[PDB]
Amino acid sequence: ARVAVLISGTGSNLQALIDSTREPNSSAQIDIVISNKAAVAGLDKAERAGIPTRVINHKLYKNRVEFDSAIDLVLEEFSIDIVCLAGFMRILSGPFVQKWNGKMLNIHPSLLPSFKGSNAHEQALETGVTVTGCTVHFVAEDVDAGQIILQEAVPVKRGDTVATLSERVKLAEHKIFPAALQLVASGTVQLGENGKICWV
């Protein structure tokens, strides 16, 4: 399966996916890395891995529903089968989410029905949970609500801050995102027909 990874920053999850898809038994290959920003460290990791890089900005064209079209163009260009959102700070439009339905994955820093949004760790800490974690799910039109593929629990320590908690959770993200990509790329897991995850 041909894969496109979309980023916005450092790209620690991108690197994990790079290392994983480089293994001999990987059913996925990363063919293109797209960023909505330009001075992101994620691009260097991509280039350092010999992966074509391509950046798309907003101040460079029109509104949104068109921004996704520019992305989708490069997607068709590289004959992509699966899309991985790795820290992409940009909500995709209904048409795009519709086209890649069941073919786009996202990694979220919480045990998903809980703490949807871009500040999951602050929410977790504010709420006082002693257990949080991360989730890999299929991207649906409604933010952080698509079908769940894998999840991993991570403890919250007393005195934790966004900095220390995110560091602990990232270790789990680097494990399940690559594993989840392999499950989908190999055909072991698919969105199914009844909308729910299916394990062939």
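Residue positions are given as counts along the sequence shown, with the first one as 1. Only the largest set of C-alpha atoms that superpose within 1.5 Å between the two forms is called the rigid core.
**Student:** Which is farther from the shown form in 9 other deposited structures of this protein in C-alpha RMS with the core fitted, 160-168 or 147-155?
**Tutor:** Output: 160-168, the stretch lying farther off on average in 9 other deposited structures of this protein.
**Student:** Please pick 22-30 or 54-62, whichever has its Cα atoms farther from the shown form in 9 other deposited structures of this protein after a rigid core fit.
**Tutor:** Between the two stretches, 54-62 moves farther in 9 other deposited structures of this protein.
**Student:** If you average the Cα B factors in the entry, which is higher, 191-199 or 4-12?
**Tutor:** Stretch with the greater average CA B-factor: 191-199.
**Student:** Out of 89-97 and 75-83, which stretch has the higher average CA B-factor listed in the record?
**Tutor:** Per the PDB record, 89-97.
**Student:** Which one, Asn63, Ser166, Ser27, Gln147, has the peak C-alpha temperature factor per the PDB entry?
**Tutor:** Answer, based on the entry's C-alpha B-factors: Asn63.
**Student:** Can you tell me which of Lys175, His137, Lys157, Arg48 has the highest Cα temperature factor in the record?
**Tutor:** Largest recorded C-alpha B-factor: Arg48.
**Student:** By the recorded C-alpha temperature factor, relative to the other modelled residues in its chain, which third is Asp31 in?
**Tutor:** Middle third - that is where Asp31 ends up once the chain's C-alpha B-factors are sorted.
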